[PDB]
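# Fold and contact review
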Amino acid sequence: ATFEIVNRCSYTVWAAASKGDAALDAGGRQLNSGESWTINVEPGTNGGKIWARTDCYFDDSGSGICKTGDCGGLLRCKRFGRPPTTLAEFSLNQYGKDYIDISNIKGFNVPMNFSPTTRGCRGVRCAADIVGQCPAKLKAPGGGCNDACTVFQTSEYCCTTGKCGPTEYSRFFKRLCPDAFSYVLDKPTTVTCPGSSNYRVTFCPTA
């Protein structure tokens with residue numbers, strides 16, 4: 001499958017694409033305002049994620065730091081990034097189907113739209129001003145709005161026992177972005193697409 005990643009923000013982001021143990025395609029690239037980066041992701045990819053990183057500094061070897069979503073200081077991510085990160089999530093060609101969603105389970109940094117460019121499913125979007133509205137205890141100094149699990153590390157927020165309910169904090173993400181996962185056992189907002197669909201991820205789809 002091919003994914004077009006478009007930076008519509010007025011500021012530069014550093015896109016990243018990983019499946020946790022490996023980079024997807026190059027794994028990461030700078031996107032200036034307006035830039036598109038086209039990547040190819042192998043069919044059958046399970047547990048792939050795409051996110052934006054903000055305020056990054058890399059040297060000439062692709063080593064440095066980002067204020068949100070840093071993946072151990074590399075330009076080209078192999079691992080997932082540090083919260084807060086709004087996440088495009090996908091599993092491709094799972095019994096003839098592609099599954100996509102957007103998740104606020106690891107917090108929110110940049111608004112995002114995740115849409116198919118081929119036929120036969122709708123996209124999903126989280127474009128509200130979550131950083132502006134973020135409750136005070138969740139505000140990350142780096143920029144961004146943390147999830148309650150990252151900040152408090154309780155069973156309840158992290159659903160570590162597999163039973164957990166919505167909370168004051170997850171309710172805030174869900175109120176602003178009803179189409180994004182707001183906690184681990186949220187009612188699924190996954191979208192089912194035909195196997196081998198293609199996609200576009202747009203950062204700042206509105207701005």
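Residues numbered from 1 in each chain as written, not as in the entry; some residues may be left out. Heavy atoms only, no water.

As recorded in the PDB entry, the protein goes by Thaumatin-1 and comes from Thaumatococcus daniellii. Quoted straight from UniProt, the Function entry for the protein says "Taste-modifying protein; intensely sweet-tasting. It is 100000 times sweeter than sucrose on a molar basis." Recorded in UniProt under Sequence similarities, the annotation for the protein is "Belongs to the thaumatin family." (UniProt positions renumbered as here; feature names shortened; annotations may be inferred.)

## Focus on the overall build of the protein
Of the regular secondary structure elements, the protein holds 4 helices and 12 strands. Here the C-alpha atoms of the protein give a radius of gyration of 16 Å, agreeing with the 17 Å that 2.2 N^0.38 yields for 207 residues. Expressed as lengths along the three principal axes of its C-alpha atoms, the size of the protein is roughly 45 × 40 × 30 Å. Sequence-distant contacts, at least 24 apart, represent 62% of the contacts inside the protein between residues at least 6 apart. (Helix = DSSP H or I, 4+ residues; strand = E, 2+ residues; numbered from the N terminus. Rg over C-alpha atoms; globule rule 2.2 N^0.38 Å. Contact = heavy atoms within 4.5 Å.)

## Topic: the state of the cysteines
One pass over the full model with this rule turns up 8 disulfides. The disulfide partner of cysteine 134 is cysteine 145, and the gap between their sulfur atoms is 2.1 Å. On the sign convention where negative means left-handed, the S-S torsion of about 80° between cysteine 134 and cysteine 145 marks this disulfide as right-handed. In this pair, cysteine 134 sits in the loop between α1 (130-133) and α2 (148-152) while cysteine 145 sits in the loop between α1 and α2, placing the two residues 11 residues apart along the sequence. One exposure class covers both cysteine 134 and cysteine 145, and it is buried. A sulfur-sulfur distance of 2.1 Å marks the disulfide that ties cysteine 149 to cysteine 158. (Disulfide = S-S within 2.5 Å. Buried < 20%, exposed > 50% of the residue type's maximum accessible area, 1.4 Å probe, protein only.)

## Regarding the layout of surface pockets
Here the largest pocket is characterised by a volume of approximately 180 Å³. Lining the largest pocket are 19 residues, and of these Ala148, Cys149, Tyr157, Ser182 and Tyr183 sit closest to its centre. The set of elements that each furnish at least two residues to the lining of the largest pocket consists of α2, α3 (155-158) and α4 (168-176). Partitioned by chemical class, the residues of the lining of the largest pocket number 11 nonpolar, 5 polar and 3 charged. (1 Å grid on protein atoms, 1.4 Å probe; cavity = no way out; pocket = protein on both sides within 12 Å on 5 of 7 lines; lining within 4 Å. Points joined across faces, edges and corners; volume = space filled by probe spheres on them. Nonpolar A, V, L, I, M, F, W, Y, C, P; charged D, E, K, R; others polar.)

## Things to note about unusual backbone geometry
Here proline 83 and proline 84 are connected by a cis peptide whose omega angle stands at 5°. Among the secondary structure elements, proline 84 is positioned in the loop between β6 (64-68) and β7 (87-94). Even without being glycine, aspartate 25 reaches a positive phi, approximately 50°. We classify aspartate 25 as partly exposed; its relative accessible area is 40%. One non-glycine residue with positive phi stands out, namely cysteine 204, at about 50°. Residue placement: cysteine 204 occurs in the segment after β12 (199-203). Judged by its relative accessible area of 4%, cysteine 204 falls in the buried class.

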